[PDB]
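Enquirer: Residue numbers (PDB author numbering), protein chains in the order written: chain g, 15 to 117; chain c, 14 to 117; chain O, 1589 to 1833; chain f, 24 to 101; chain b, 24 to 101; chain h, 35 to 123; chain d, 32 to 123; chain a, 33 to 133; chain e, 39 to 133; chain k, 934 to 951.
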Amino acid sequence: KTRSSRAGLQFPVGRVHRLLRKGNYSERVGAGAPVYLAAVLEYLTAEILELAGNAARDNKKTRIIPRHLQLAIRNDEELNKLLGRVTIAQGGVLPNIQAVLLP
Amino acid sequence: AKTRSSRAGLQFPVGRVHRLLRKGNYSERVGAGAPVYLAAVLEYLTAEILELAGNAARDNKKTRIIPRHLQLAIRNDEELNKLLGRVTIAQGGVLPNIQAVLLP
Amino acid sequence: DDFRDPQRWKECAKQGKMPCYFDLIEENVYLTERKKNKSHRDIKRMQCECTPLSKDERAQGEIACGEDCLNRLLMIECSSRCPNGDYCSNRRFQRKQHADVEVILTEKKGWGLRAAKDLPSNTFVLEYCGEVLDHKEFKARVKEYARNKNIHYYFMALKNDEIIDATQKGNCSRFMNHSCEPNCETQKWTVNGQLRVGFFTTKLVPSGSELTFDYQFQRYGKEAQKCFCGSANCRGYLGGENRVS
Amino acid sequence: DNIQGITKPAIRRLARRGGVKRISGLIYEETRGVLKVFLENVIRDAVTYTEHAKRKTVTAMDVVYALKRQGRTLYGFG
Amino acid sequence: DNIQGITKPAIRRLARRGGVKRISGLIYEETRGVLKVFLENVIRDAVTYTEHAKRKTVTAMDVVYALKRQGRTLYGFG
Amino acid sequence: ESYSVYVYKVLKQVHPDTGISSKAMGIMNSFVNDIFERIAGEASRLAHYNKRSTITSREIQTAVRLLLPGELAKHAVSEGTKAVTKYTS
Amino acid sequence: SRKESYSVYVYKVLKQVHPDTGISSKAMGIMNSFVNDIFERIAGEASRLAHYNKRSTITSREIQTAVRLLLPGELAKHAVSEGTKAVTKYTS
Amino acid sequence: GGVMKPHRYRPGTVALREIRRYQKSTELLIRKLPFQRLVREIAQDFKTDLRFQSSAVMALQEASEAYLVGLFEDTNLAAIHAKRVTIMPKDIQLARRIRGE
Amino acid sequence: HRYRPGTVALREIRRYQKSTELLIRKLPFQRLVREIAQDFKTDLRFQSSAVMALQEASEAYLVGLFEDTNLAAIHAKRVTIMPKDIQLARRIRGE
Amino acid sequence: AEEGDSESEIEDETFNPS
DNA sequence: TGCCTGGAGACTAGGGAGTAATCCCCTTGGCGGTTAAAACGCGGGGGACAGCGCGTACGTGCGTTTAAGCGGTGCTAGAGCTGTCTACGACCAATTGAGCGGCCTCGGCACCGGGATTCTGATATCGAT
DNA sequence: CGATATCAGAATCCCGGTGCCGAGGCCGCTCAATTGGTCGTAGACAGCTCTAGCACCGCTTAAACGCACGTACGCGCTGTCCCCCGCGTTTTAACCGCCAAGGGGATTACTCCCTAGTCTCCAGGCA
């Protein structure tokens, strides 16, 4: 069994651990660090896809395209804060037409 | 035993720059020319800001450079201002600037 | 009095007292149907963000897609995929929703329409239904029909390549007359990706009053026509001595 | 409650340094809201850095690090 | 002088995506100026990364890195 | 290398029947690489600022409580703690 | 315990550019902050460049490109010149 | 007689329609070939005989349009300020100056 | 004798731009910090320089915000800054 | 009963694990 | 179809992380005086604000004209990356002077002081109605 | 009575006298920068493989261009009314001063347990 199973994760703890060691983040890396980081990245991936899948179903679609990721990220204030300086290819924008523009 | 700074003709500490490049975990290895070049650039930007700050000190008729002279150096020069546009300088104040529509 | 029956009656080809001497139509018919439309791609998802009421209807239930409906403000009817389903009030053309109106004779200019009951402003009256002409047949219809002695011509420029012609067949709106002080106007409405023209009230029309709109007419033929309404500031002549199209 | 301690004259003096010739009486409560939001955002991080070292005392470096973290690099303390 | 290829209706279209209802006729040159400045800043850095690699083709990585350096992270090409 | 396969496997937990396009996958791949670098770079700074020599779970935990917003931070911290708890068993 | 500071070097450069001028410790503290910050910015970009080229060594060239990406305008040309000039003397 | 027209769309009705149209879709707005020439042109000033990955221009266009959209959104807020509606250069210059560019 | 409206305002602008002192009173700001902070960790101790750094950063932030709000009011052809100008300067600054 | 143009979906294919 | 690389299992050396004890820097709390700033009130000047009317420049529309994309054929620069091997940087001991700390010394500055010019905000001659 | 000006008097900036505190130079010695040598490997170099990028061509057609023209908008001005500024008096707490307690950050010796580096097994996955 892989470390992912011991952590109860889908994400590759082996690769995270390898990248933390090889990416010069420190002269050595703790064994708990790649597990905790893998779990965090996996969790945010799930939260993003939960919201993108909802946005797809709210459009009655069955496949997540870039727009569903943009709609998902921009409709939540916290993910919008985290990803407020991120351009998403093929993302577009929320309508948000200002009231003084409507007749 | 001429120090690396002497050998490079710099005033800045090439030895210390080499230590920090090695122990700051920027990379697995650090070439011998890297700390020399980096020290030389830090020296250049230090000379540039002190040039403008000393000039500002004379313009204020002060013998010493206080934080205000650094602020008036950095904010007047277009290139230092772009390089440091996000920096806050303690005890530095701001450039005198009154918008045209406000005065009579 | 209208008596819309499939058996044609006795009239001298003027459709004035019996609208069934010639042939009449209930919706716009096309001649050169296109497989190059807007409907499948562009209008497919531009619906209003109006939250659908799920339990408040018929009693203390406000109508879905009122004047807050963005599509309504933009002169677009909601598509079949409107979030309100069949409770949407912005699908009036699609539902064949008309107003109570009668066709009568008022002036020597011709027949016209009157409101049978009280009508508020911004009330949808009728769609301008007719035959949609192409670039080739419009310029043929105009030059061939003048020598056929038609008294009225019902050509309306819908787009660069869409011209409505109510000459052979048209619904009850083919009779709305020109007024310099009108109570209705001709609005361009997009329905399911199809452009349509609709008549809408501009002021409060009392029960039994004549309905009229501002004919934004032009004179295409060699002949000159004149209007006899004469309310207060009637121009009387179509387009001056212009030569447009 | 201490946010009222950011007095009307102090907000005015900040506006004056900012070159503001005239100030609406509604500016004071909005400046308070904006200042409190900014300081909460910086202190939450400076306290996070403090808790990391398990220290009881917030240092000048924790404040600098929280500011650098927010891109507000502050010069004069480290 | 290909900056004129950024046509009036294309600029309008970007403004429409931006929710702009009405546009002044002077905006087209201001927008061409602003876009040329933005691209100058991005391309100069993407080229810097390209030269460091001793490459000649500017890769999508050189662009994503230049944009990331500019503080505008781009997702989709990395 | 890419996190793509793990992203796709994670997608089936939250939405067992939905698919994801290649471009959207490219976005999720870029997003994972980005947040990885934000947390790892921040953990690197946290260790260096404390003159420590190793990135521990505590360093990741703080780099998260710093990087993520308030409610999301509490959730991420909970999943990180639970993962290290099971892994140490 | 002995703490790192750029004070003596900042002062040496000061005594080269304005020999009849001094500098207060608040200003020295700012100079320290500036040299430390710019050091971390240049070294951080040199690190990132090494990572992108998949290189283990930060060389004089990684520093050069980092300085070029980081500094604006003509200031970048001067900095790259001073760097090359010092590396030239150090090579001999 | 002759032809008549439905009245002209009220001003702003097509503008709001184009807003909905271009906010609803996700696609590149600037003509790809003209933009690819602009990108090559300004690259010539920095390095002679450069070449580009196709994906690199796609990325530069996504970045440019995301920048101009974020710019026009803040500009439109500037134009809604001052109690008006029409975007003007003074609004772009203000959005940039406030943003910090 | 009385100065005309805004004359002393322009005079104050010059006095406060020409100086470098901290405009907020030290004790009120220090207590504000200690009251906001108490809600992240209980009874936190503070280095005097920590409070000083927080005040320097807060005043530079508010001064820069006011400089940008001034341009907002000026853009609206006004001279008086109002909440709508701060809220615009922040929305464009990204907050 | 009514559907949109498939070209909308052709421009962005599903993720292939192989 | 095979097999290979990546990942995990066991052990290993040694050095980073942690406890327990202590010092003692500097922070929190305390008190009271001084005096400056904040609070509080007021009059009335200038500005926010609305309303109105006006001139044009902006959109909405149309017909005409171009060149943006498809798609295709064809060249080949140069991206990618595999092997060699050598100049390089990492590491360690033995070594020594640079530069941090803790120490004075004295002149640069902040400040008090009284007068000169500045500026602002009125008051007044040639003008004209 | 009009249009374009004269003096008061609060602010300000200057030239000079003062002392105080911190910038600057000094002296010691820690400790880390240097030297000199050895060593393993990162990457410079030479060379090959081909996939992407560049180039020219032609059709098609939707887009952009040019111009019509109507009327909504942005603008300049008039008015008013209200709230903000400038100022004087009153209220009080911010700041300075000296002080003391004791917390708790920085330091130390020693322990130990954790990770890196190594070597071996083997299973998930490229066409």
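In this text, a Cβ means the ideal position worked out from N, Cα and C, and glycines have one as well.
Answer yes or no: do residue 39(c) and residue 118(d) have a C-beta to C-beta separation smaller than 8 Å?
Expert: No; because the gap between Cβ atoms is not below 8 Å, this pair is not in contact.
Enquirer: Find out if the Cβ-Cβ distance for the pair residue 1808(O), residue 1730(O) is shorter than 8 Å.
Expert: Against a cut-off of 8 Å, the Cβ pair of residue 1730(O) and residue 1808(O) comes out as a contact.
Enquirer: Could you check if residue 54(d) belongs to the surroundings of the ligand COA, using beta carbon to heavy atom distance under 7 Å?
Expert: This structure lacks the ligand COA; in fact it carries no ligand of any kind.
Enquirer: Residue 1764(O) by DSSP, collapsed to three states: which one?
Expert: Three-state result, residue 1764(O): coil.
Enquirer: For chain b, find out if any of its Cβ atoms is closer than 8 Å to the Cβ of residue 115(g); answer yes or no.
Expert: Closer than 8 Å to some Cβ of chain b, the Cβ of residue 115(g) qualifies, so yes.
Enquirer: Alpha helix (DSSP H) containing residue 92(b): first to last residue?
Expert: 83–92 is the extent of the alpha helix (DSSP H) around residue 92(b).
Enquirer: Have a look at 50(h), 67(h) and 43(h) and flag the residue whose alpha-carbon is nearest the alpha-carbon of residue 99(b).
Expert: When each option's Cα is compared against that of residue 99(b), the closest is 67(h).
Enquirer: If distances are taken between C-alpha atoms only, which option among 36(g), 63(g) and 48(g) comes closest to residue 26(g)?
Expert: Looking at the Cα atoms, 48(g) is the closest of the given residues.
Enquirer: Which bits of chain a does residue 130(e) rub up against, with CB to CB less than 7 Å?
Expert: Simply 106, 109, 127, 130 and 131.
Enquirer: List, in order along the chain, the chain g residues whose C-beta lies closer than 9 Å to that of residue 96(b)?
Expert: What residue 96(b) touches in chain g: 97, 99, 100 and 101.
Enquirer: If you count every other CB in all the chains shown that lies within 10 Å of the CB of residue 59(a), and 16 or more means buried, which is it?
Expert: It counts as exposed.
Enquirer: Applying the criterion that 16 or more other CB atoms from any shown protein chain within 10 Å of the CB defines a buried residue, is residue 93(g) buried or exposed?
Expert: Answer is buried; the Cβ neighbour count reaches 16.
Enquirer: Could you tell me whether the region 98–106 of chain d touches the region 90–108 of chain c, using the rule of 3 or more Cβ pairs below 8 Å?
Expert: Taking 8 Å as the limit for Cβ pairs, the verdict is that the region 90–108 of chain c does touch the region 98–106 of chain d.
Enquirer: Span of the alpha helix (DSSP H) holding residue 65(h)?
Expert: Start and end: 56–83.
Enquirer: Going by Cα to Cα distance, which pick from 84(b), 78(b) and 35(b) is closest to residue 65(b)?
Expert: Per the Cα distances, 84(b).
Enquirer: Using the three-state DSSP reduction, which class does residue 1703(O) fall into: helix, strand or coil?
Expert: In the structure shown, residue 1703(O) sits in a strand (DSSP, three-state: E or B).
Enquirer: Between the C-alpha atoms of residue 1768(O) and residue 1645(O), what's the straight-line distance to the nearest angstrom?
Expert: Residue 1768(O) and residue 1645(O): Cα-Cα distance of roughly 41 Å.
Enquirer: Short of 8 Å Cβ to Cβ, which residues in the region 42–72 of chain h face chain g?
Expert: Listed by position, the residues of the region 42–72 of chain h near chain g (Cβ gap below 8 Å) are 43, 44, 45, 47, 48, 49, 51, 52, 53, 54, 55, 57, 58, 60, 61, 62, 65, 66, 68, 69 and 70.
Enquirer: Since residue 1814(O) sits in a beta bridge, which residues does DSSP pair it with?
Expert: Answer is 1825(O).
Enquirer: Mind checking which residues open and close the beta strand (DSSP E) that includes residue 100(e)?
Expert: Per DSSP, residue 100(e) belongs to no beta strand (DSSP E); it is in the alpha helix (DSSP H), 86–113.
Enquirer: Could you tell me whether the Cβ of residue 82(b) comes closer than 8 Å to any Cβ of chain d?
Expert: No, residue 82(b) lies away from the interface with chain d (no Cβ there is under 8 Å from its Cβ).
Enquirer: Find out if the Cβ-Cβ distance for the pair residue 103(a), residue 57(b) is shorter than 8 Å.
Expert: Yes, Cβ-Cβ distance for residue 103(a) and residue 57(b) is below 8 Å.
Enquirer: Let's see if you can read the secondary structure: which residues bound the alpha helix (DSSP H) around residue 39(f)?
Expert: Residues 31–40.
Enquirer: Where residue 130(e) and residue 96(h) are concerned, what is the direct C-alpha to C-alpha distance, given to the nearest angstrom?
Expert: Spanning the two alpha carbons is a distance of roughly 30 Å.
Enquirer: Does the beta carbon of residue 118(a) sit closer than 8 Å to a beta carbon anywhere in chain g?
Expert: Not closer than 8 Å to any Cβ of chain g, the Cβ of residue 118(a) fails to qualify, so no.
Enquirer: On the three-pair Cβ rule with 8 Å, is the region 1677–1687 of chain O touching the region 1648–1663 of chain O?
Expert: Contact holds: three or more Cβ-Cβ distances are below 8 Å.
Enquirer: To which residues of the same chain is residue 1709(O) closer than 8 Å at the C-beta, ignoring the five residues directly before and after it?
Expert: The answer, listed in chain order, is 1789, 1790, 1791 and 1792.
Enquirer: My assumption, with CB atoms under 8 Å, is that residue 1703(O) sits in contact with residue 1796(O). Please give the rounded CB distance.
Expert: With a Cβ gap of about 7 Å, residue 1703(O) and residue 1796(O) count as contacting.
Enquirer: Excluding the 5 residues preceding and the 5 following residue 80(h) in the sequence, name in chain order all residues of the same chain whose CB lies nearer than 7 Å to its CB.
Expert: Taken in chain order, the residues that qualify are 93, 96 and 97.
Enquirer: With 16 other CB atoms within 10 Å as the buried threshold, where does residue 49(d) fall?
Expert: Label assigned to residue 49(d): buried.
Enquirer: Can you give the Cα-Cα distance for residue 101(b) and residue 46(e), rounded to whole angstroms?
Expert: Whole-angstrom Cα-Cα distance: 57 Å.
Enquirer: Please report the distance separating the alpha-carbon of residue 49(f) from that of residue 121(e).
Expert: Going from the Cα of residue 49(f) to the Cα of residue 121(e) covers about 6 Å.
Enquirer: Just mark residue 44(f) as buried or exposed, buried being the case when its beta carbon has 16 or more other beta carbons within 10 Å.
Expert: By the neighbour-count rule (16 or more Cβ atoms within 10 Å), residue 44(f) is buried.
Enquirer: Can you give the Cα-Cα distance for residue 1653(O) and residue 101(g), rounded to whole angstroms?
Expert: Each residue's Cα considered, the two are about 34 Å apart.
Enquirer: Give the interface partners of residue 1663(O) over in chain a, defined as CB-CB distance under 9 Å, in chain order.
Expert: Residues of chain a passing the Cβ test: 41, 42, 45 and 49.
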